[PDB]
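Here the structure is laid out as structure tokens; the discussion comes afterwards.
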Amino acid sequence: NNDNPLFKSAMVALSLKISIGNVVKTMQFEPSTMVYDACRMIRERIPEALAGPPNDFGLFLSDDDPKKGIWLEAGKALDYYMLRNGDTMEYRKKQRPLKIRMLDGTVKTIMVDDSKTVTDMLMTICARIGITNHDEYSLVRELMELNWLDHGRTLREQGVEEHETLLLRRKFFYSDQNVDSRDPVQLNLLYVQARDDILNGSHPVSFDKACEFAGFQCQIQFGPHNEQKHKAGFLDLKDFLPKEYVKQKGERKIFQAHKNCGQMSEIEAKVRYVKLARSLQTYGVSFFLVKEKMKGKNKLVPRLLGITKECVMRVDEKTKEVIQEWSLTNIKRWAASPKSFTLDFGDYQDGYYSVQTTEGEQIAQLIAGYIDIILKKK
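Structure below.
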């Protein structure tokens with residue numbers, strides 16, 4: 001039957017659960033307390049808060065949905081964050097390991113500031129491995145379209161948790177690839193890259209070309225065509241043709257192209273493979289499958305939309321013919337939403353070009369990125 005000298009009204013103090021690893025303690029804060037001073041008071045009450053230099057720790061407001069967890073800023077008052085009695089704050093190390101697959105295919109773990117955006121993290125990575133031009137590179141997930149990361153947002157809010165390894169990826173440069181039979185190791189790297197892009201469909205090609213490529217691929221993998229062993233049914237066509245072309249009728253066309261190679265060496269076939277790829281107007285282009293509205297028709301028409309350093313291009317989805325091309329110079333503005341992408345060509349044409357796609361923000365950022373480059377050369 002006593003009074004409690006510790007009691008303060010629920011309205012004048014914030015009662016928060018402070019979590020450090022598996023330790024939790026409830027402490028009382030004046031609600032205008034700055035985050036950095038709250039960290040001090042935490043160090044005075046919880047021994048596990050002393051597990052490192054004091055400025056290495058901060059406060060993190062977790063959530064049942066990990067995408068909604070946020071780091072608190074040191075200069076903000078606690079009541080800025082709309083906290084209520086009983087809420088939980090983690091006292092957390094500000095840097096955390098981020099696993100990144102290097103350009104040599106190995107994984108390196110790099111400490112990054114966990115409150116920052118993907119761009120900031122990329123900059124920390126490039127700093128650690130001696131890359132000055134971080135704008136030549138980006139981070140992508142390794143899932144599977146779903147691997148794209150918006151570098152102006154955080155990993156956390158895009159659903160990337162701390163366990164996930166990301167890939168460091170060099171962007172495409174036409175100046176990167178200059179073919180020659182003198183350097184077999186570099187020739188093979190170029191061949192593998194061009195072949196993989198065709199087989200996985202990121203370089204879209206016609207059916208006839210896909211079988212031509214497969215003909216060189218056969219020369220490379222099997223040597224000269226031998227009608228005793230390279231007969232109907234031999235090929236696992238899924239390994240030689242883009243998925244949309246995996247049809248038995250393609251094998252006859254591949255074998256024709258293979259035979260046409262004669263006794264051509266493995267090196268010479270790799271040269272021809274790479275040369276044929278670079279000869280196509282689709283080479284090096286970043287493509288997106290978008291849905292177009294054609295005047296007259298009610299069903300939208302799937303179309304390949306390609307973005308390069310100097311143009312936007314419409315490509316037929318079945319034949320891969322280049323239907324139309326717009327210089328980046330002749331685009332007045334663009335817009336993206338989660339469901340569409342629209343281009344305004346000012347007085348170069350009547351009507352906007354507006355398509356359905358879930359990759360509109362990706363398209364918009366590519367266009368903006370390539371336009372900024374042209375500006376900086378001016």
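Residue numbering for the sequence shown follows the working numbering, starting at 1 and increasing by one per position.
By construction, the Cβ of each residue, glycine as well, lies at the ideal position given by its N, Cα and C atoms.
Judged by beta-carbon spacing, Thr319 lies beyond the 7 Å limit of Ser202, meaning their Cβ atoms are not closer than that value. In the DSSP assignment, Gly215 falls within the alpha helix (DSSP H) that extends over 207-222. Counted as a single uninterrupted DSSP element, the alpha helix (DSSP H) harbouring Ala269 occupies residues 266-278. Exposure of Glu164 is indicated by the presence of fewer than 16 other C-beta atoms within 10 angstroms of its C-beta. Under the Cβ criterion (8 Å, minimum of three pairs), the segment 302-319 counts as touching the segment 274-285.
By alpha-carbon distance to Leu168, the top candidate from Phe341, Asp180, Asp135 is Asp135. Counting other Cβ atoms within 10 Å of its Cβ, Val12 stays below 16 and is therefore classed as exposed.
Close CB contacts of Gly21 within its chain, under the 8 Å cut and outside five residues either way in sequence, are with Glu48 (chain order). Residue state for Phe255 is assigned as helix, using DSSP reduced to three classes.
For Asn260, the closest C-alpha among the options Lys293, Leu143, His225, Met294 is that of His225.
For the pair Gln217 and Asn330, the Cα-to-Cα distance works out to about 40 Å. The residues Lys93, in chain order, have a CB closer than 8 Å to that of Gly52 in the same chain once the five nearest residues on each side in sequence are set aside. Each residue's CA atom was taken as its position, placing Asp120 and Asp236 some 44 Å apart. Spatial neighbours of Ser327 in its own chain (CB-CB distance under 8 Å, excluding positions within 5 residues in sequence) are listed in chain order as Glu310, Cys311. Judged by beta-carbon spacing, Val355 lies beyond the 7 Å limit of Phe345, meaning their Cβ atoms are not closer than that value. Only exposed fits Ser175, as fewer than 16 other CB atoms lie within 10 angstroms of its CB. Assignment of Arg96 by DSSP, reduced to helix, strand and coil, places it in the strand class. For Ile100, same chain residues with a beta-carbon under 8 Å away, outside a window of 5 residues either side, are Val107, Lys108, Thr109, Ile110, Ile125, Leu139, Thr165, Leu166, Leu167, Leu168 in chain order. In the three-state reduction of the DSSP assignment, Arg314 falls in the strand class. With a threshold of 16 other beta carbon atoms within 10 Å, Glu90 meets it and is buried. DSSP, reduced to helix, strand and coil, places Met11 outside both helices and strands of the structure shown, so it counts as coil. Taking all protein chains in view, the Cβ of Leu190 is crowded by 16 or more other Cβ atoms within 10 Å, so the residue is classified as buried.
Every beta strand (DSSP E) of 3 residues or more that sits fully in the segment 139-208 is shown, in chain order, as 166-170.
Of the other Cβ atoms in all chains shown, 16 or more fall within 10 Å of the Cβ of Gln219; this residue is therefore buried. Cβ neighbours of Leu59 within its own chain (closer than 6 Å, five residues either side excluded): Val35, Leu72, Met89. Around the beta carbon of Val274, 16 or more other beta carbons sit within 10 angstroms, so the residue counts as buried. Apart from the 5 residues on each side of it in sequence, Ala74 sits with its Cβ closer than 6 Å to the Cβ of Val35, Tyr36 in its chain, given in chain order. Residue state for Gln281 is assigned as coil, using DSSP reduced to three classes. Rounded to whole angstroms, the separation of the alpha carbons of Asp150 and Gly159 is 12 Å.
Judged by DSSP in its simplified three-state form, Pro31 adopts coil rather than helix or strand. Closest option to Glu321, judged by alpha-carbon separation, among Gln95, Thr26, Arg303: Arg303. Per DSSP, the continuous alpha helix (DSSP H) segment holding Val118 begins and ends at 118-128.
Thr117 places its beta carbon less than 7 Å from that of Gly152.
Collapsing the DSSP output to three states places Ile374 in a helix. Assignment of beta-bridge partners to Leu289 by DSSP yields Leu304.
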